[PDB]
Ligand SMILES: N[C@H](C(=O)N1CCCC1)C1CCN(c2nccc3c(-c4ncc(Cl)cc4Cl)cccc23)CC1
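Below you'll find only one chain, the form solved without the ligand, shown as structure tokens.
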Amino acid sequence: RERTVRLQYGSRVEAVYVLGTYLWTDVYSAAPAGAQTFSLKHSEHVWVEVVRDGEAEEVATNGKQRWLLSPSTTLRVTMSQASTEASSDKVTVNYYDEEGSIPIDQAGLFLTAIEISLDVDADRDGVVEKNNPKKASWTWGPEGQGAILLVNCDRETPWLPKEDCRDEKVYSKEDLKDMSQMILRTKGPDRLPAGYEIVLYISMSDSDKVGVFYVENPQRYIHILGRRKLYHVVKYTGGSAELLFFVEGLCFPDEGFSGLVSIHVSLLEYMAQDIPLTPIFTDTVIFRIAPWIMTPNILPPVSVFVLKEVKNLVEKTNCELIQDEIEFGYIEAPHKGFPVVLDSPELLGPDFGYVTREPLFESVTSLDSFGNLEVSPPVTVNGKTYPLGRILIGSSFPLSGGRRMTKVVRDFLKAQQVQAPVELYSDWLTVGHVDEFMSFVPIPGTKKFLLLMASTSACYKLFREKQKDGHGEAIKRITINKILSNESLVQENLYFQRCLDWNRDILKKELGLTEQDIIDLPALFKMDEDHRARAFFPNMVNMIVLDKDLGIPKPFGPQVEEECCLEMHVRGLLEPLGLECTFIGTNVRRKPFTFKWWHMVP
């Protein structure tokens, strides 16, 4: 920051100097008529250079030296410590005529040096460091830097109809733990010279994305910037001082909002009461509002929201106790984080947040329900790494006039960025959800997961062996022989295997999977009036994954032995990998990724 401060003909000019800047001072155009030359004195804590045509040249406090007055001869003025009274530090310039060794005129510059810094935790360790030089940027990765801000979308105070960020008030110091800290640090004399004030400010646009709070009597809570407050004039305190503000996020990254926001402080010179002039200094900090993050099946379960055997299966973990209403995610900053639940178009408590997106022109379908919303385990895809996974959403083809999740949920999910969503084809299903045909399961040593796919061809292959084994009479009276000889039903399932393979191909491509990673599970569909699939027997892939325990729907199909040839087959596949199958809607809150989302690389 090089800033212009001209000397004024015959006058003494008072200026405030902010440490970290330097002044360029025109001496020439202040010089009286007929001067040929100037000297200068300057005080201890002012560094002064004289500068002709690039050629810098420092000067002592006391020298009697003269130079030749030219427009190419200017000064550069620095100061290296704040002032303890106003003025005191100074630079004075003498102008001497052709001979005359007494100055004809003089011009001065009376400086008060102050330090002003607007500080945040840009290095992301939870401590608000002193003027991080990257605080005005935001970059990704471990070596990256820039401060993070949560949406205050929980509720500290239960009497309250809405989430904290919904008002412009704070009713509890518990709240401030959800907020990011920003400290205005100043260092100067005991009052500002006349006609200066310090003003925090934000843009009209950011004014619905942030709220800033001052803690008075640290106690009362003052809303200074935010909704309908774009600026706040700050009381300067002298000497070394710190003001503490608390910043809350109000909106998630979304269509038309990247999640970056700015807060500024200006030292504004005035010409009067009102008549503001120009900022003589500005400092800026950036916050990135932290995205909403979903949790996959490979992540350890903490609590299962659910009659009888759901409870009994969960006693083998240390979990507590519709899938279509709710998706559990979280939000995380270096300081704080907490579960936040997305709501399909009120567990709203302390440290349990809430988002919805309601359509406006558009209307909801079955594809909006959050069984149509899943996320992979972490993956690498041609080198790019997805440490938090990829969100998966069932769709229809774009020209097919079929169904689609609302744009407003879709844009929301895209806007979060860190789980780079992938669209699948679920609209061949009557309900239309990705959870009807695919699931992930961890392999309990690793680090490594499996994709489970429904497969009609595996089902026909299984039955043709059973009919061969003579279990064709194994059972409105449904036997294998009965199904196998149903030609019409066979066609439908060839068409459904086609839909399943389309998705198989997307999933492999976008999650970097191979056939090694995929288990096909036998499954069978009947075509409804719309030509869409609905399950024929209980849909086994549509399970609960409580670690290594799998809560798999009970098939009850054409059976043999004292159990079933489907429960034997599915047990045969999963159990030899580590996984304990229990055969029996639910919805499991999980442990966050230990992986911090801000370390993610572009």
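Whichever C-alpha set is largest while still superposing within 1.5 Å between the two forms counts as the rigid core. Numbering starts at 1 and runs along the sequence shown.
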Coordinates for residue 258 lacking in at least a third of the other PDB entries compared? no
Please confirm whether residue 121, modelled here, goes without coordinates in at least one third of the other compared entries that cover both its neighbours. no
Gap size between residue 14 and residue 13, counted in deposited residues that the entry leaves unmodelled: none
Extent of unmodelled deposited sequence, residue 276 relative to residue 275: none
Out of 74-82 and 419-427, which stretch has the higher average CA B-factor listed in the record? 74-82
Take the C-alpha B-factors listed in the entry for 482-490 and for 134-142, compute each mean, and give the stretch with the larger one. 482-490
Highest-ranked of 495, 437, 338, 159 once sorted by CA temperature factor in the record: 159
Whose CA atom has the top B-factor in the entry, of 504, 264, 220, 410? 220
Using the B-factor values recorded in the entry, state whether the Cα atom of residue 360 falls in the lowest, middle or highest third among the modelled residues of its chain. highest
Sorting by Cα B-factor within the chain, modelled residues only, which third would residue 205 end up in: lowest, middle or highest? lowest
Should residue 46 be placed in the lowest, middle or highest third of its chain by the C-alpha B factor in the entry? middle
Temperature factor at the Cα of residue 376, chain-ranked in thirds, falls in the lowest
Could you say whether, by C-alpha temperature factor, residue 17 belongs to the lowest, middle or highest third of its chain? lowest
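Unshown form solved in complex with the ligand; subsequent notes refer to it.
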Place the ligand, as positioned in the entry with it bound, onto this chain through superposition of its site C-alphas, and say whether the site is open or blocked according to the 2.4 Å backbone and C-beta criterion (3 or more atoms for blocked). blocked
Is the ligand close enough to 293, 375 and 517 in the entry with it bound that each of the three has a heavy atom within 4.5 Å of it? no
Taking heavy atoms and a 4.5 Å cut-off, does residue 124 contact the ligand in the entry with it bound? no
Contact of residue 328 with the ligand in the entry with it bound (heavy atom, 4.5 Å): no
Would you please decide whether residue 155 lies within 4.5 angstroms of the ligand in the entry with it bound, comparing each non-hydrogen atom pair? no
Taking the shortest heavy atom distance, is residue 254 within 4.5 Å of the ligand in the entry with it bound? yes
Stretch in contact, per heavy atom within 4.5 angstroms of the ligand in the entry with it bound, of 109-117, 96-104, 161-169, 461-469: 161-169
The ligand in the entry with it bound has a heavy atom of only one listed residue within 4.5 Å, and of 309, 473, 358, 346 that residue is 358
Which listed residue (370, 213, 236, 386) meets the criterion of a heavy atom within 4.5 Å of the ligand in the entry with it bound? 370
Neighbours of the ligand in the entry with it bound among 397-434 [non-hydrogen atom within 4.5 angstroms]: 405, 408, 409, 412, 413
Considering only 516, 488, 273, 382, single out the residue whose C-alpha is displaced by at least 2 Å between this form and the one not shown after superposing the rigid core. 273
